[PDB]
Amino acid sequence: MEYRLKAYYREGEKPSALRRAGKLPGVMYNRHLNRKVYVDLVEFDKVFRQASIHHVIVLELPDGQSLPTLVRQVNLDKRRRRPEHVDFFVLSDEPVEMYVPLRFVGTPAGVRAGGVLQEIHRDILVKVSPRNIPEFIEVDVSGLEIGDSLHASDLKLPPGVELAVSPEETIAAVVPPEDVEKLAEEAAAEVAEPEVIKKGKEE
Amino acid sequence: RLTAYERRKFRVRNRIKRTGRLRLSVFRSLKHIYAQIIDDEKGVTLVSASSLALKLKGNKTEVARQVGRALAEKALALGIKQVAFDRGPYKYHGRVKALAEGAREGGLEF
Amino acid sequence: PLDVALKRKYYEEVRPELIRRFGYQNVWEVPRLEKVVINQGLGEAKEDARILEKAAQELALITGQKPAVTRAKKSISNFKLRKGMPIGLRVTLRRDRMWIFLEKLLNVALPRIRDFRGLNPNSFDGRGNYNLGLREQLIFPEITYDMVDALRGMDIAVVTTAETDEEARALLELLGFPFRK
Amino acid sequence: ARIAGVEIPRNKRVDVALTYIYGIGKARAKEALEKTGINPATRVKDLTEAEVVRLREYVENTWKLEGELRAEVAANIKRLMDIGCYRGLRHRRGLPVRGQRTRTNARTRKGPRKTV
Amino acid sequence: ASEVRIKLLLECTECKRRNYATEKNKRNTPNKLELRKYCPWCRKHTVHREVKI
Amino acid sequence: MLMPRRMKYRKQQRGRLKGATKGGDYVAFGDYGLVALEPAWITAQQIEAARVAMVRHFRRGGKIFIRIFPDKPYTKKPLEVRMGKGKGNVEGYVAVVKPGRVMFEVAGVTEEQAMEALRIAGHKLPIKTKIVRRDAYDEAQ
Amino acid sequence: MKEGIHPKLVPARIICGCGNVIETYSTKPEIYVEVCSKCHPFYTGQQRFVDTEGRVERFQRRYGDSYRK
RNA sequence: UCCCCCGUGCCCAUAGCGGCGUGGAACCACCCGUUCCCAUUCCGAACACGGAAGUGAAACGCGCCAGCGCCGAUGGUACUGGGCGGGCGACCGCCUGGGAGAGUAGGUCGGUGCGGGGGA
RNA sequence: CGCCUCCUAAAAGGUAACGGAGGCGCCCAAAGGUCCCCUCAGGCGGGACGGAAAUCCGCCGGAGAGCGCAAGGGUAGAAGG
RNA sequence: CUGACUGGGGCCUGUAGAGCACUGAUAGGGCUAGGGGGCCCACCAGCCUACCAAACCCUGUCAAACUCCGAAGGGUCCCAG
Ligand SMILES: NC(=[NH2+])NCCC[C@H](N)C(=O)O
Ligand SMILES: [Mg+2]
Ligand SMILES: [Mg+2]
Ligand SMILES: [Mg+2]
Ligand SMILES: [Mg+2]
Ligand SMILES: [Mg+2]
Ligand SMILES: [Mg+2]
Ligand SMILES: [Mg+2]
Ligand SMILES: [Mg+2]
Ligand SMILES: [Mg+2]
Ligand SMILES: [Mg+2]
Ligand SMILES: [Mg+2]
Ligand SMILES: [Mg+2]
Ligand SMILES: [Mg+2]
Ligand SMILES: [Mg+2]
Ligand SMILES: [Mg+2]
Ligand SMILES: [Mg+2]
Ligand SMILES: [Mg+2]
Ligand SMILES: [Mg+2]
Ligand SMILES: [Mg+2]
Ligand SMILES: [Mg+2]
Ligand SMILES: [Mg+2]
Ligand SMILES: [Mg+2]
Ligand SMILES: [Mg+2]
Ligand SMILES: [Mg+2]
Ligand SMILES: [Mg+2]
Ligand SMILES: [Mg+2]
Ligand SMILES: [Mg+2]
Ligand SMILES: [Mg+2]
Ligand SMILES: [Mg+2]
Ligand SMILES: [Mg+2]
Ligand SMILES: [Mg+2]
Ligand SMILES: [Mg+2]
Ligand SMILES: [Mg+2]
Ligand SMILES: [Mg+2]
Ligand SMILES: [Mg+2]
Ligand SMILES: [Mg+2]
Ligand SMILES: [Mg+2]
Ligand SMILES: [Mg+2]
Ligand SMILES: [Mg+2]
Ligand SMILES: [Mg+2]
Ligand SMILES: [Mg+2]
Ligand SMILES: [Mg+2]
Ligand SMILES: [Mg+2]
Ligand SMILES: [Mg+2]
Ligand SMILES: [Mg+2]
Ligand SMILES: [Mg+2]
Ligand SMILES: [Mg+2]
Ligand SMILES: [Mg+2]
Ligand SMILES: [Mg+2]
Ligand SMILES: [Mg+2]
Ligand SMILES: [Mg+2]
Ligand SMILES: [Mg+2]
Ligand SMILES: [Mg+2]
Ligand SMILES: [Mg+2]
Ligand SMILES: [Mg+2]
Ligand SMILES: [Mg+2]
Ligand SMILES: [Mg+2]
Ligand SMILES: [Mg+2]
Ligand SMILES: [Mg+2]
Ligand SMILES: [Mg+2]
Ligand SMILES: [Mg+2]
Ligand SMILES: [Mg+2]
Ligand SMILES: [Mg+2]
Ligand SMILES: [Mg+2]
Ligand SMILES: [Mg+2]
Ligand SMILES: [Mg+2]
Ligand SMILES: [Mg+2]
Ligand SMILES: [Mg+2]
Ligand SMILES: [Mg+2]
Ligand SMILES: [Mg+2]
Ligand SMILES: [Mg+2]
Ligand SMILES: [Mg+2]
Ligand SMILES: [Mg+2]
Ligand SMILES: [Mg+2]
Ligand SMILES: [Mg+2]
Ligand SMILES: [Mg+2]
Ligand SMILES: [Mg+2]
Ligand SMILES: [Mg+2]
Ligand SMILES: [Zn+2]
Ligand SMILES: [Zn+2]
């Protein structure tokens with residue numbers, strides 16, 4: 001979909017003051033503009049948990065302007081697991097690199113056999129027109145056993161969208177599951193002591 | 001990847017420029033020979049001479065020698081006397097050597 | 001530059017067929033021979049009798065050129081090898097002696113090889129050069145059974161200006177190199 | 001590598017020398033020197049060069065020798081070992097081939113005795 | 001210095017005075033060192049020869 | 001259980017434990033994570049008890065990701081000796097863990113399965129913990 | 001070339017057994033060889049020195065058809 | 001003073017790798033030779049000399065391209081001089097001044113000094 | 001138990017513990033002076049005996065080789081050959 | 001009048017933090033020599049692996065004796081209080 005988010009301008013307000021008033025600080029940029037912004041945290045969080053660098057967010061500004069952006073970067077407070085700053089990338093008419101959600105259709109035969117589908121990439125990096133952004137990219141994984149894998153070279157891309165990663169990059173795999181029957185093997189598995197790399201006259 | 005040519009040139013010339021004298025640089029093409037006296041502190045050439053610019057005759061070795069005399073005569077009229085010879089990538093031999101001998105005959109001190 | 005039949009065959013016959021087979025637009029683009037490097041990795045003379053001068057007297061008769069000593073890079077215990085030890089001969093043939101050697105090589109030497117069935121078509125550099133080894137040195141017309149003492153072969157590198165294996169296959173085959181496949 | 005690729009001994013008679021070739025025995029030595037009219041008692045050191053290539057020519061063109069003979073004998077042992085017949089099995093194991101007893105002897109085919 | 005790497009003196013062969021002390025490896029260099037050196041008595045260069053220290 | 005196969009040095013100084021975790025603060029592999037809420041040296045024994053507790057709750061199925069590794073040698077002098085006479089002997093290995101670090105992630109399993117396995121695992125560790133689920137914030141990292 | 005180290009190359013005859021003679025260069029002015037490219041069976045087409053055999057076995061027997069049909 | 005080339009410096013990859021294209025009148029190179037100077041642990045490959053039929057194929061120079069490499073903000077954060085608080089501790093905060101690294105936007109297929117030859 | 005190298009050492013210098021790791025008590029007549037020349041390890045392909053690795057050839061390869069010996073600094077525009 | 005301390009200016013530095021380009025460590029996946037095992041075989045090859053796994057790549061990390069980076073400060077000289 002196409003989400004909307006009120007944004008506001010900030011000059012010399014201190015980020016800790018804005019964040020204490022419930023406002024997430026941010027920035028807007030492309031080759032033409034660079035402006036210090038802030039959004040409302042609860043408002044931004046409602047949108048971002050859905051939009052999430054994948055779908056377009058339109059920023060309604062206080063001067064009346066509206067600008068179509070991709071979230072380019074989210075900085076998290078490593079202690080509290082909270083966003084502390086956003087980068088809004090203002091889209092132009094030229095193509096753009098971006099991540100399109102991968103969507104894994106079907107149940108693998110390995111998963112039926114007891115396995116686990118490891119979704120290695122959940123989106124994929126890609127150049128596409130900002131008027132061409134597909135909602136997702138379907139991938140058939142129903143023929144993967146334990147342990148087969150899928151790569152970006154197996155992506156059936158919609159029209160207008162070019163792969164921006166190496167075709168040899170792994171996107172999914174189906175791996176063996178955890179098994180209690182292996183525990184007693186691993187428990188009674190003696191692992192020898194670490195070797196210390198020879199130093200000096202002995203090497 | 002430097003060539004043996006570029007290594008030879010750098011090696012010869014670093015040693016020359018360490019002594020702080022004006023260098024007599026010499027470029028030897030298949031056809032012609034050239035000379036500049038260079039102040040490396042200013043990065044500036046003070047006096048030149050070459051077969052191409054004097055439209056000189058046939059035998060490359062005697063041509064080289066005459067180029068040296070020519071360089072000397074113009075050098076002394078500017079006050080230049082002492083100098084350091086910059087064989088660059090060439091052996092001190094033949095055409096280069098002749099140009100050096102020709103410079104010395106003209107009173108360049110080296 | 002001497003008049004040698006192989007060199008003349010290169011210019012008169014070989015070059016025209018190469019220009020026609022590949023359509024070169026510059027005369028310097030047509031494949032030619034750069035050098036022929038002969039190597040004896042003797043090593044059976046390391047310490048024993050470093051009187052490989054026997055072999056140097058041989059290669060000098062074969063090529064008209066005095067080969068030069070190869071010395072061991074590092075020391076190798078299993079090969080019984082001390083760094084710096086003399087372990088063979090390399091002689092680099094260019095211009096008329098290169099032609100003069102290759103001339104006798106194709107006419108006389110290769111035919112005298114035991115159970116000869118043609119040069120190995122797959123021995124090409126991947127960049128347009130070729131290599132072949134020899135099992136003996138009596139193969140050559142100058143080295144007679146009388147003068148010989150031991151059976152010493154060699155490596156032969158044939159370096160061309162061709163950028164690809166196909167152009168080099170063309171040039172060598174045209175000069176008279178007998179390939180089996 | 002005179003004839004034929006084997007540098008046959010000088011000092012010895014021609015019939016005797018040519019036996020030092022894979023494929024030429026006492027029988028074919030008589031055949032080569034008659035068919036080229038060479039005294040069979042002449043030492044190899046005394047063959048006129050005309051005689052040599054005369055002797056060389058007939059020998060190499062008439063009979064399979066050295067490598068071609070050896071490749072052929074091998075090719076026959078190979079095909080016997082591929083078509084899986086009984087003689088082929090005996091060549092597969094290195095055992096004798098012409099029906100001999102193996103409880104004892106057969107040391108030529110088996111090699112020197114292996115202890116137990 | 002050791003048993004095989006000995007100390008030694010260099011003696012000016014013209015005036016016989018010992019002008020330099022040095023060392024060598026008498027296994028590697030069993031012959032007596034002959035070297036040109038300045039002799040300050042003769043006030044010129046001179047063949048000096050190894051002499052026991 | 002986990003420990004380096006080789007090392008350049010047998011014994012490490014103790015260092016400090018200040019600050020939030022350096023990296024590894026977002027869910028990178030599985031669907032749910034167990035986040036450290038306070039610093040500690042987590043022992044190789046503790047990680048293995050945490051891993052076994054999750055394997056046993058899953059019985060058969062699922063995938064566990066262990067995102068910390070005990071590479072720091074832990075040293076203790078022999079009992080009843082005095083101070084001095086050199087550094088103690090290596091008795092074990094620990095992983096340094098600071099607040100915000102995602103220690104374990106699980107995948108291939110229901111939400112109720114993951115919540116409960118990460119809870120039992122957390123009871124084996126010498127620190128308070130949080131259970132998290134992969135977010136858009138995790139994906140944008 | 002350096003002096004006094006290289007064997008001098010002079011014009012040379014090479015006489016093969018097949019009468020072929022090559023005008024080349026060598027350290028020896030006249031050499032006799034037993035074979036050359038002009039007569040070697042690999043060179044001179046499919047000159048099968050002897051075994052122009054074909055199959056040869058395992059059917060050119062045909063001794064005979066006397067068994068019935 | 002403008003454009004091309006040859007020397008020779010400076011900045012120190014925004015200057016590099018790769019791909020493609022282009023240049024021989026001039027210059028440069030390959031080139032033609034190995035008598036002469038000089039030269040090869042063998043080799044005129046190199047070094048060197050004497051040349052001038054050819055070719056810009058190689059090299060070099062000059063363009064174009066952002067796949068790699070190189071450079072890289074703004075914003076925010078870590079950390080912190082100095083000043084204060086809190087916690088039994090491991091450790092955690094506030095003020096004031098300073099402020100990265102990673103990453104994002106983006107930049108880059110160089111710029112410039114001196115002399116020499118040619119051109120307009 | 002003297003001496004050298006690194007760390008501890010809190011970005012000048014210095015800095016302790018029966019703190020963490022290694023080395024020295026030699027050597028070289030060239031392994032020294034100077035002049036001239038040369039450039040590595042490694043990867044791939046090719047080559048008789050010949051091999052993971054001997055010697056040869058081609059392409060890639062800025063320094064990961066080398067520098068008598070510990071470690072560190074330095075270093076091919078050489079301190080290496 | 002040169003001092004502690006302070007202003008400005010230059011130069012020196014490798015810590016905090018961070019990073020992974022070097023030296024090592026490292027979980028998983030991919031790719032993939034070599035082993036384990038399984039069909040098939042001895043006639044020398046061939047296929048298969050939910051096995052261990054080098055190199056390489058991706059994702060994600062660790063380091064007093066790691067550093068492609070790198071502060072705050074500190075040191076020192078000049079002029080001024
Ligand atoms: N220059 C400074 N403000 N330094 C503050 C040091 C950190 C301090 N202990 C804090 O977390 O608050
Ligand atoms: Mg919230
Ligand atoms: Mg040592
Ligand atoms: Mg030509
Ligand atoms: Mg090939
Ligand atoms: Mg080639
Ligand atoms: Mg012969
Ligand atoms: Mg016989
Ligand atoms: Mg019987
Ligand atoms: Mg029987
Ligand atoms: Mg401590
Ligand atoms: Mg503990
Ligand atoms: Mg402890
Ligand atoms: Mg202690
Ligand atoms: Mg202890
Ligand atoms: Mg422990
Ligand atoms: Mg942590
Ligand atoms: Mg707990
Ligand atoms: Mg990251
Ligand atoms: Mg000479
Ligand atoms: Mg001479
Ligand atoms: Mg230029
Ligand atoms: Mg300048
Ligand atoms: Mg390209
Ligand atoms: Mg070009
Ligand atoms: Mg021209
Ligand atoms: Mg023209
Ligand atoms: Mg001469
Ligand atoms: Mg003359
Ligand atoms: Mg030449
Ligand atoms: Mg030249
Ligand atoms: Mg000419
Ligand atoms: Mg060109
Ligand atoms: Mg062109
Ligand atoms: Mg050049
Ligand atoms: Mg552009
Ligand atoms: Mg920089
Ligand atoms: Mg950056
Ligand atoms: Mg900033
Ligand atoms: Mg403080
Ligand atoms: Mg405290
Ligand atoms: Mg602050
Ligand atoms: Mg501030
Ligand atoms: Mg910093
Ligand atoms: Mg930055
Ligand atoms: Mg560029
Ligand atoms: Mg310039
Ligand atoms: Mg100019
Ligand atoms: Mg001009
Ligand atoms: Mg210190
Ligand atoms: Mg220190
Ligand atoms: Mg210090
Ligand atoms: Mg002091
Ligand atoms: Mg003590
Ligand atoms: Mg000791
Ligand atoms: Mg010496
Ligand atoms: Mg190599
Ligand atoms: Mg190889
Ligand atoms: Mg082999
Ligand atoms: Mg090899
Ligand atoms: Mg080194
Ligand atoms: Mg005062
Ligand atoms: Mg004072
Ligand atoms: Mg001050
Ligand atoms: Mg740190
Ligand atoms: Mg690393
Ligand atoms: Mg990285
Ligand atoms: Mg740390
Ligand atoms: Mg760290
Ligand atoms: Mg440290
Ligand atoms: Mg550090
Ligand atoms: Mg970078
Ligand atoms: Mg930087
Ligand atoms: Mg500072
Ligand atoms: Mg300090
Ligand atoms: Mg200061
Ligand atoms: Mg002070
Ligand atoms: Mg200051
Ligand atoms: Mg004052
Ligand atoms: Zn005296
Ligand atoms: Zn013939």
Side-chain angles (χ1 to χ4, degrees), chain A residues 15 25-27 29-31 34 36 72-73 75 84-85 87 89 118 120 146-147 149 169-170 173 176 197 199-201, chain B residues 1-2 4 7 10-11 14 25 27 29-30 34 36 38 40 43-45 48 50 52-53 60 91 93-94, chain C residues 26-29 35 37 39-43 65-70 72 76 79 81 87-88 90-94 123-127 129-135 153-157 159, chain D residues 81-82 92, chain E residues 2 5 24-25 28-29 33, chain F residues 4 6-9 11-13 17-18 22-24 28-29 38-39 65-67 69 71 84-87, chain G residues 1-2:
Chain A
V27 70
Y29 48 71
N30 54 26
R31 340 200 249 107
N34 184 286
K36 297 179 291 181
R72 205 50 160 200
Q73 193 177 267
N75 283 355
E84 53 188 28
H85 188 256
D87 281 19
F89 183 38
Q118 242 203 267
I120 286 157
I146 319 164
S149 53
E169 185 101 12
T170 315
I197 289 153
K199 207 278 190 68
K201 285 189 156 184
Chain B
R1 225 330 142 125
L2 289 169
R7 278 193 295 274
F10 277 138
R11 155 159 51 79
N14 291 323
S25 198
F27 177 64
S29 54
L30 289 173
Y34 310 77
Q36 303 173 59
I38 305 172
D40 305 282
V44 147
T45 301
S48 346
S50 64
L52 178 80
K60 306 183 196 180
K91 177 175 178 178
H93 182 77
Chain C
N26 189 293
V27 282
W28 292 103
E29 282 178 11
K35 58 176 176 194
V37 178
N39 171 79
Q40 288 198 300
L42 262 357
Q65 213 168 292
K66 209 222 63 172
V69 177
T70 56
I76 291 190
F79 303 155
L81 194 84
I87 32 158
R90 171 205 50 235
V91 55
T92 308
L93 301 176
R94 315 179 185 263
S123 295
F124 273 92
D125 211 84
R127 300 244 185 206
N129 318 284
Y130 190 81
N131 295 284
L132 63 123
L134 292 174
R135 284 185 289 102
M154 68 202 56
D155 308 274
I156 310 183
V159 184
Chain D
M81 282 184 303
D82 302 333
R92 281 178 165 176
Chain E
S2 64
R5 174 158 292 275
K24 83 177 183 184
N25 183 312
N28 303 339
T29 314
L33 288 181
Chain F
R6 306 188 311 144
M7 46 241 307
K8 277 165 90 189
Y9 302 108
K11 298 175 191 186
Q12 282 182 0
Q13 287 154 352
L17 284 187
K18 45 217 202 320
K22 193 176 195 248
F29 299 106
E38 48 193 2
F65 303 79
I66 298 177
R67 295 188 68 199
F69 187 92
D71 60 340
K85 279 75 193 172
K87 187 162 174 73
Chain G
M1 299 192 92
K2 303 180 169 178

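Scope of the values below: all heavy atoms of this structure, side chains included, with no hydrogens, waters or symmetry mates. Labels below follow one simple rule: chain letters A, B, ... track the order of the sequence lines, proteins then strands, and each chain is numbered from 1.
The side chain of A/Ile120 approaches J/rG29 more closely than any other nucleotide in the set I/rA54, H/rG51, J/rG29. In the set H/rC28, H/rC43, H/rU41, H/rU41 carries the atom at the smallest distance from any side-chain atom of C/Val69. Picking from H/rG106, I/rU55, H/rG76 the nucleotide with the shortest atom distance to the side chain of C/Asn39 gives I/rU55. With H/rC42, H/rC47, I/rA48 as the choices, the nucleotide that has an atom nearest any side-chain atom of B/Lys91 turns out to be H/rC47. Comparing atom distances between the C/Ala157 side chain and each of I/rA21, H/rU77, I/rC57 picks out I/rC57 as nearest.
Comparing F/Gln13 and A/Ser149 along RNA chain J, the residue whose closest nucleotide (by nearest heavy atom) sits nearer the 5' end is A/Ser149. Toward the 5' end of RNA chain I, the nearer of the two residues C/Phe124 and B/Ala4, judged by each one's closest nucleotide, is B/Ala4. For the pair F/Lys87 and A/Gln118, both in contact range of RNA chain J, the more 5′-proximal nearest nucleotide belongs to A/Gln118. Along RNA chain I, the nucleotide nearest to C/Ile156 and the one nearest to C/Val159 differ in position, and the one closer to the 5' end is contacted by C/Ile156.
Geometry at H/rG97 and H/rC38 does not meet the Watson-Crick or G-U wobble definition with both required distances under 3.5 Å.
Taking the P atoms as reference points, H/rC109 lies 31 Å from J/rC12, given to the whole Å. Comparing the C1' positions of I/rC24 and I/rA9 gives an interatomic distance of 25 Å, to the nearest angstrom. To the nearest whole angstrom, the two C1' atoms, one in J/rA72 and one in H/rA100, are 10 Å apart. For H/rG67 and H/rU104, the P atoms lie 15 Å apart once the distance is rounded to whole Å. As rounded to the nearest Å, H/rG63 and H/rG33 have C1' atoms that lie 38 Å from one another. Taking atom P in both H/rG75 and H/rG69, one finds a spacing of 28 Å when rounded to whole Å. Comparing the P positions of H/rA13 and H/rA73 gives a spacing of 15 Å, expressed to the nearest Å. Rounded to whole Å, the separation between the P atoms of H/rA46 and H/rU34 comes to 15 Å.
Looking at heavy-atom distances under 4.0 Å, F/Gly84 makes contact with sugar-phosphate atoms alone, never a base. Among the heavy atoms of the strands lying under 4.0 Å from D/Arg92 is at least one base atom, whether or not backbone atoms are also near. At a threshold of 4.0 angstrom between heavy atoms, the contacts of C/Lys35 are confined to the sugar-phosphate backbone, with no base atom among them.
Look at I/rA30: its glycosidic torsion is within 90° of 0, and that puts it in the syn range.
For I/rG61, the torsion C1'-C2'-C3'-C4' is above zero, which places the sugar in the north, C3'-endo range. Sugar pucker of I/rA9: south, since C1'-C2'-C3'-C4' comes out negative. A north sugar is assigned to H/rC38: the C1'-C2'-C3'-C4' torsion is positive, on the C3'-endo side. Using the sign of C1'-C2'-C3'-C4' as the criterion, H/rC109 is classed as a south pucker.
Of all the heavy atoms in C/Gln65 and C/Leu93, the pair that sits closest is OE1-CD2, 3.3 Å. Here the shortest heavy-atom pairing between A/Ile197 and F/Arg6 reads CG1-NH1, 3.5 Å.
Rounded to whole Å, atom P of I/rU5 lies 14 Å from atom NZ of A/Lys199. The separation between D/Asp82 atom CG and J/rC44 atom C1' is 11 Å, rounded to whole Å.
Taking the 5.5 Å centre cut-off and the 30° plane limit, the aromatic side chain of C/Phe79 is classed as stacked on I/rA54. Stacking of F/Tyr9 onto the six-membered ring of J/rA65 is present: less than 5.5 angstrom between centres, less than 30° between planes.
F/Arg67 is linked by a salt bridge (charged side-chain N to carboxylate O under 4.0 Å, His left out) to F/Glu105, counting only residues two or more places apart in sequence or in another chain. Under the ring-ring contact (aromatic ring centres under 6.0 Å, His included) criterion, B/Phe27 pairs with B/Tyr34, sequence neighbours left out. With sequence neighbours left out, F/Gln13 forms a side chain to side chain contact (heavy atoms under 4.5 Å, CB included) with no residue at all. With sequence neighbours left out, F/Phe69 forms a ring-ring contact (aromatic ring centres under 6.0 Å, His included) with no residue at all. Listed by chain and residue number, nothing satisfies the side chain to side chain contact (heavy atoms under 4.5 Å, CB included) test with A/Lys199 (two or more places apart in sequence, or in another chain). In this structure, the side chain to side chain contact (heavy atoms under 4.5 Å, CB included) partners of A/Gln118, at least two apart in sequence or on a different chain, are A/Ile120, A/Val175, F/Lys63, F/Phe65. Residues forming a ring-ring contact (aromatic ring centres under 6.0 Å, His included) with C/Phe124 (at least two apart in sequence, or on another chain): C/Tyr130, C/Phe179.
Stacking between J/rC43 and J/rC44 is absent, since the six-membered rings do not have centres under 5.5 Å apart together with planes under 30°.
Between the side chain of A/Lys201 and the base of I/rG22, no donor-acceptor pair under 3.5 Å is found. Side-chain atoms of B/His93 and base atoms of H/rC37 include a donor and an acceptor less than 3.5 Å apart. Scanning atom types as modelled, no donor and acceptor separated by under 3.5 angstrom connect the side chain of C/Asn129 and the base of I/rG58. No hydrogens or angles were tested; on distance alone, nothing pairs the side chain of B/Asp40 with the base of H/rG9 as donor and acceptor under 3.5 Å. With hydrogens and angles left out, the side chain of C/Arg90 and the base of I/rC56 share no donor-acceptor pair within 3.5 Å. The base of H/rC28 does not come close enough to the side chain of B/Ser29 for any donor and acceptor atom to sit less than 3.5 Å apart.
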Kindly give the atom pairs (protein nitrogen or oxygen, nucleotide nitrogen or oxygen) under 3.5 Å for nucleotides 73-81 of chain I.
| unit_1 | atom_1 | unit_2 | atom_2 | d |
| --- | --- | --- | --- | --- |
| I/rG77 | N2 | B/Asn14 | OD1 | 3.0 |
| I/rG77 | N3 | B/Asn14 | ND2 | 3.4 |

Heteroatom pairs (N/O) under 3.5 angstrom, protein to nucleotides 31-33 of chain I:
none

Could I get a table of every N or O pair under 3.5 Å where one atom is in the protein and the other is in nucleotides 118-120 of chain H?
none

Please write out the pairs of protein N or O atoms and N or O atoms of nucleotides 100-103 of chain H separated by less than 3.5 Å, giving the distance to one decimal.
| unit_1 | atom_1 | unit_2 | atom_2 | d |
| --- | --- | --- | --- | --- |
| H/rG103 | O2' | A/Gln73 | OE1 | 3.0 |
| H/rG103 | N2 | A/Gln73 | NE2 | 3.1 |
| H/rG103 | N3 | A/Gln73 | OE1 | 3.1 |

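Checked by atom type, the side-chain pair B/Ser48/B/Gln36 shows no donor-acceptor distance below 3.5 Å.
Within the 4.5 Å cutoff, side-chain heavy atoms of C/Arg90 are placed close to those of C/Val37. You'll find the side chain of C/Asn131 stays beyond 4.5 Å of the side chain of C/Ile156, heavy atoms only. In this structure, A/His85 and A/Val27 have side chains that are in contact, with non-hydrogen atoms separated by less than 4.5 Å.
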Practice task
Encode nucleotides 14-27 of chain J as B, S and - characters from 5' to 3', where the letter depends on protein heavy atoms closer than 4.0 Å: B to the base, S only to sugar-phosphate, - to neither.
Solution key: ---SBB---BSSSS
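B/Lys60 places no side-chain N or O within donor-acceptor distance of the main-chain N or O of B/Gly94, the cut-off being under 3.5 Å.
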